[PDB]
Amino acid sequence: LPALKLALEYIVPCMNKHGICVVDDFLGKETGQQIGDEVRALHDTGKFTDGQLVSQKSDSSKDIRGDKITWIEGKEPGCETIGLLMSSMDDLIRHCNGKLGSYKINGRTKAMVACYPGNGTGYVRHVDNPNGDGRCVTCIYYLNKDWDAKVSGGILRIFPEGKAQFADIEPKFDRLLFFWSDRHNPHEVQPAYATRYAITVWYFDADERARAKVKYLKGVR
């Protein structure tokens, strides 16, 4: 499906109505599996961190660590299909220009690849950008073949602002997710009991990012 059609007929109206949008079968099986192979190779070759320190025990060998990350630019050897994913995300956002709220996206982060190792850790409730740092859209791509949350957990639970309900999103293979990064969307990752991979990119709003430079100072003489 052409990126522009997906953007105009789905992403734009969904984001303006719900602020949370799911695209299944984004890249297709072949490409999705190649991305999975690249992420697994990063893991198997030691490129991820050891994981977020969750619980400190008196014996440090018993410390519990959770999500593991690595930052990816997309041109690294062994990462070019991740790069292709990022370019595909960028093309979608570009086709949405000037239609996602009143935001004007002019840049993004590198990709944050995350691995929940399957040891019952998740991620606490949080907002991605609560303090005006420039990030307006979160884009996540999931890689987990035959993920079944009733068995393996790892649901992303989002709590759209001022709603008596939440939205549970399974981290399914070849699924792409968009949501507003600010306080519209507090969210959490429920405990994961199998290896769970995702790739996140954040897109910046031009105005917010420009004035974030002021708030968070950059020196000339």
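For every residue, the number given is its place in the sequence shown, counted from 1.
Open item on the list: Does the chain run continuously from residue 1 to residue 2, or are deposited residues unmodelled in between? Answer none, 1 to 3, 4 to 9, or 10 or more.
Closed with: None; the chain is continuous from residue 1 to residue 2.
Open item on the list: Which is higher on mean Cα B factor in this entry, 161-169 or 37-45?
Closed with: If you average the C-alpha B-factors of 37-45 and of 161-169, the larger mean comes out for 161-169.
- [ ] Could you settle it for me: does 22-30 or 65-73 have the higher average Cα B factor in the PDB entry?
- [x] Taking the mean B-factor of the alpha carbons in each, 22-30 is higher.
Open item on the list: Take the CA temperature factors straight from the PDB entry and tell me which of 185, 52, 56, 195 peaks.
Closed with: The listed residue with the largest C-alpha B-factor is 56.
- [ ] Determine which member of 127, 137, 149, 85 has the highest CA B-factor, using the values in the deposited entry.
- [x] Across 127, 137, 149, 85, the entry lists the biggest C-alpha B-factor for 149.
Open item on the list: Could you place residue 104 in the lowest, middle or highest third of its chain by Cα temperature factor, using the values in the record?
Closed with: Its C-alpha B-factor, which the entry lists for residue 104, ranks in the middle third among residues of this chain.
Task: Cα B factor band for residue 98 (lowest, middle or highest third within the chain) - done: Highest third.
- [ ] Looking at the entry's B-factor column for C-alpha atoms only, identify whether residue 120 ranks in the lowest, middle or highest third of its chain.
- [x] For residue 120, the deposited C-alpha B-factor lands in the lowest third.
- [ ] Could you tell me which third, lowest, middle or highest, the C-alpha B-factor of residue 60 occupies within its chain?
- [x] Top third by C-alpha B-factor.
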